[PDB]
Amino acid sequence: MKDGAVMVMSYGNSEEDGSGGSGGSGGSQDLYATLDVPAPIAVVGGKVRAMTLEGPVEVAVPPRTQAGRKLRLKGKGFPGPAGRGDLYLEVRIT
């Protein structure tokens, strides 16, 4: 188990049609950053690297992801001294 690292959570594994469940908003517990994903890796799949709060991390994207796609990481935003929240990675097609 790797608590101080990033998972394959990208698509937002939701039993629903499409969900993410964003939180920690307003009080700066949440975090937004971009992730640069190639179009072939966005459509087919592949791991891409994201510079986050913690540092360089490993983010495997879904085989349908699109420009603007919010890859929700839950409890992976700002730290507990700041107030623990969640972090989103906005897919940029390149």
Write down the radius of gyration of the chain and its Dmax, each obtained from C-alpha positions, in Å.
-> 12.8, 39
For the stretch 53-94, just list the percent of Cα-Cα distances falling in each 10 Å bin from zero outward, please.
-> 25, 49, 22, 4
For the stretch 1-44, state what percent of all Cα-Cα pairs lands in each successive 10 Å bin, counting from 0 Å until the bin that includes the largest distance.
-> 18, 42, 36, 3
Positive end of the charge dipole of the stretch 49-94 (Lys, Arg +1 and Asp, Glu -1 on Cβ, about the Cα centre): tell me which of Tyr88, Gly68, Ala50 has its Cα farthest that way.
-> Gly68
Peptides ranked, highest mean first, by Cβ atoms within 10 Å: ranges 53-62, 67-76 | 67-76, 53-62
Ranked packing of 3-9, 42-48, 13-19, most packed first, by mean Cβ within 10 Å = 42-48, 3-9, 13-19
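As a convention, Cβ positions derive from the backbone with ideal geometry for all residues, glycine included, and neighbour counts pool all protein chains shown. Each reported figure results from applying straightforward, stated rules to the coordinates on display, with no laboratory input.
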